[PDB]
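Notes follow once the structure below has been shown.
2 protein chains.
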Amino acid sequence: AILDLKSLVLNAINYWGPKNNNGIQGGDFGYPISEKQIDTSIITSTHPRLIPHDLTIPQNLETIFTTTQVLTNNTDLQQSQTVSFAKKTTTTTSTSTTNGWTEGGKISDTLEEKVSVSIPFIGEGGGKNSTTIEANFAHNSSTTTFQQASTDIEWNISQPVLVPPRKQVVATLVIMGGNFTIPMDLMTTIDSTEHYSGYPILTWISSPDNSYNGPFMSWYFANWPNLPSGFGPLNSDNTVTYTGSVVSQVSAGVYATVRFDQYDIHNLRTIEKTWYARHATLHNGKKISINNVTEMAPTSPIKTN
Amino acid sequence: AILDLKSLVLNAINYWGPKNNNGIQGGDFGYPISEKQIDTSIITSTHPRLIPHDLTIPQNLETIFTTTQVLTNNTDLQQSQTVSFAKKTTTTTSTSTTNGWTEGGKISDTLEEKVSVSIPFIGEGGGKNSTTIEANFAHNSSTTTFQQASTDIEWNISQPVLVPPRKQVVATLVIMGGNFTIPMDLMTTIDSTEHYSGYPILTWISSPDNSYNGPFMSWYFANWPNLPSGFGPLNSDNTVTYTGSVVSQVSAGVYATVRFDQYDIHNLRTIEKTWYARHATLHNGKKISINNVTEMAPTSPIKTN
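Okay, here's the thing in structure tokens:
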């Protein structure tokens, strides 16, 4: 859930009040105090960090783009030709907070973070592969509403291919992608715009006639016996880190292959020969063995001793 | 357990052999082959990484060192004196592999890694605190035997203290430490000293007369249907990462305080007054509010509006 930090602060104040006056020397604030006697607008959220719980089970992929290039040689000499693809695709992430916090109902501005996430994946025919993708993730600890972010990438594939005399070679680019659900921790640190004696002031406590006030320091929040589980200990700078959580839905292209089909130039109905470029290209630009993502186990010759 | 990678490699070879000869073009290796027909000594373990599963429950501490310094003023003028402590302590870690692997029973050389680990801790009186310690961890994926490592640190505490006329002030240093059990992942990557077509060769397969051989490439290991769970997919460089595990026992000093007791110089039997230095010192050298680790809630004055 999205916890109401203002309510929790009020509850902590009303716990300590009758016991030690929240450390304030003097005053009659009239415990239990009303929410009208505090003002938590000075609370800040700092150092936000998404920490993915990286996927380990190889994920299924689907074709997300396919296109062709036609290469022709109507001469009697073999020609070294070059096939080049340049395709822009957009990775999308949709991130929703499961556990988070808000100061009294306030919705903070959504922030964006680049995060590296593991993408284990299955090739055509069932091959198991591992890679990593860096993508933009939007996040907002104050609401469960989905936060969208886009990351544009470019698939740049260049390939020399030997085109025999009187042949047409068709090159087919296929990009495989998937939809992945990635849970992450979302840590945010509670601090304040105001401090006293080294402690964030989570609110001032006003007397019922608003004539005087005293500060509510973070020590009293961190050490409040009924503090909910997601709130951490006092940090070395007297802030308190909340360990929240999100789930992100990630739609991304993962790898691309190039297939070649050769035809007699006079008969473009019948494929004479088919083969793949020896490497596939990953999202992150790395090249991997084509055998890893197709039904072609790698072969080798015998060696004499 | 410590898996026998040599046995697993043999099993993978004998799975694929009758089906596609492990991709080797020709030869009669006589499946199922004997362990005598392989040699996995070329397998390497690379990129070892300890990844702690960081502790979140604040841990209990005990006094691990205490010493004193005596400051004396037999004059009629207050004196600003300085108390200084310099104490060396040694953090120890003892790390045992739960899940790992060995090549045929071989025990690799133990390696050492500096790792940062979270240390949530409880102060005197119950205060909750958070810190981090960097320490040496020894690790060895090939054996369950404990691997020890030491990390020396220095506690340097310097404090001016105002000593009234005709008083003795005794400064007592107390260092609190604990014993923590930290589970970690231990990732190691399987590679080889030899490669063919971009793939690590996990072994050569020899004919029964040792007259010829063919390479067993990593593709066949990663895609062997009975591969045990800890072995990952093919990486982008055709290696295979094993996700192993260790448990480490960590003995470390966490924080230090300095207490002052004041006596009339003529009566060293009766404490007149006691107070603490306003900050404690952490293992990592940072200073924290003394209130965080003692039974002294922070106080504040009232402010007029």
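The listed protein sequences correspond, in order, to chains A and A'. A prime marks a further copy of an entry chain. According to the entry's author numbering, the first sequence is numbered sequentially starting from 5. According to the entry's author numbering, the second sequence is numbered sequentially starting from 5. Each residue gets a CB set at the ideal place from its N, CA and C atoms; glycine is no exception.
Sequence-distant partners of A':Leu206 (beyond 5 residues in either direction) whose C-beta falls short of 7 Å from its own C-beta, in its chain, are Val13, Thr44, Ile47, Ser196, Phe220, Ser222 and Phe225. A distance below 6 Å between beta-carbons, with the five flanking residues on each side excluded, links A:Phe89 to the following residues of its chain, in chain order: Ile161 and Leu177.
Beta-bridge partners assigned by DSSP to A':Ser255: A':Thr96 and A':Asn183. By the 16-neighbour rule on beta-carbons within 10 angstroms, A:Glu66 is exposed.
Taking the Cβ atoms as the reference, A':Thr285 lies roughly 6 Å from A':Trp159, within the contact range of under 8 Å.
Comparing alpha carbon positions, the residue from A':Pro169, A':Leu81, A':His199 and A':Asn183 closest to A':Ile123 is A':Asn183. Beta-bridge annotation (DSSP): A:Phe220 is paired with A:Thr207.
Per DSSP, reduced to three states, the secondary structure at A:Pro212 is coil, with no helix or strand assignment. Taking the Cβ atoms as the reference, A:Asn144 lies roughly 16 Å from A:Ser154, outside the contact range of under 8 Å.
Per DSSP, the unbroken alpha helix (DSSP H) holding A:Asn24 starts and ends at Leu9 to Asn24. Here the alpha carbons of A:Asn271 and A:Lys91 stand approximately 30 Å from one another.
Taken through DSSP and simplified to helix, strand or coil, A:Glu39 comes out as helix. Taking the Cα of A':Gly129 as reference, the smallest distance to any Cα among A':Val297, A':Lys40 and A':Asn309 is reached at A':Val297. DSSP places A':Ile123 in the uninterrupted beta strand (DSSP E) bounded by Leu115 to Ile126. Per DSSP, the unbroken beta strand (DSSP E) holding A:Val74 starts and ends at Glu66 to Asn77. Exclusion of the five residues before and after A':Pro62 leaves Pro124, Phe125, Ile126 and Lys132 as the residues of its chain whose Cβ lies within less than 6 Å of its Cβ. Taking the Cβ atoms as the reference, A:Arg170 lies roughly 7 Å from A:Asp268, within the contact range of under 8 Å. Contact annotation: in the region 25–52 of chain A', residues whose CB is within less than 7 Å of a CB in chain A are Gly27, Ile28, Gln29, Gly30 and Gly31. Contact annotation for A:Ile292 against chain A': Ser240 [CB-CB distance below 7 Å, chain order]. Around the beta carbon of A':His283, 16 or more other beta carbons sit within 10 angstroms, so the residue counts as buried. A Cβ-Cβ contact shorter than 8 Å links A':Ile28 with A':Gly218. A distance below 6 Å between beta-carbons, with the five flanking residues on each side excluded, links A:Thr193 to the following residues of its chain, in chain order: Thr50, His51, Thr243 and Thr245.
Taking C-alpha positions only, A:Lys23 is separated from A:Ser38 by approximately 17 Å. Going by beta carbons, A':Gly236 and A':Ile179 fall outside the 8 Å limit.
Setting aside the 5 residues that flank it on each side, A':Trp20 is surrounded in the same chain by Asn26 and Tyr224, each with a C-beta closer than 6 Å to its C-beta; the list follows chain order. If you draw a straight line from the Cα of A:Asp8 to the Cα of A':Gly234, it is about 42 Å long. A':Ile161 carries a strand assignment under DSSP once its states are collapsed to helix, strand and coil. One Cα belongs to A:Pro305, the other to A':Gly31, and the distance between them is close to 9 Å.
Against chain A', a Cβ distance below 8 Å from A:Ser304 picks out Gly27, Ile28, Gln29, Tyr200, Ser201, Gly218, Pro219 and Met221. Bounds of the beta strand (DSSP E) holding A':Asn133 are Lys132 to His143. A':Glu276 has its alpha-carbon roughly 48 Å from the corresponding atom of A':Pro187. Under the three-state reduction of DSSP output, A:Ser233 falls in the coil class, being neither helix nor strand. Scanning chain A for C-beta atoms nearer than 9 Å to the C-beta of A':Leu286 yields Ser240, reported in chain order. When DSSP states are grouped into helix, strand and coil, A:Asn103 belongs to the strand group.
Distance from the CA of A:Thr95 to the CA of A':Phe69, rounded to the nearest whole angstrom, comes to 56 Å. Taking all protein chains shown into account, A':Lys40 has fewer than 16 neighbouring C-beta atoms within 10 Å of its C-beta and is therefore exposed.
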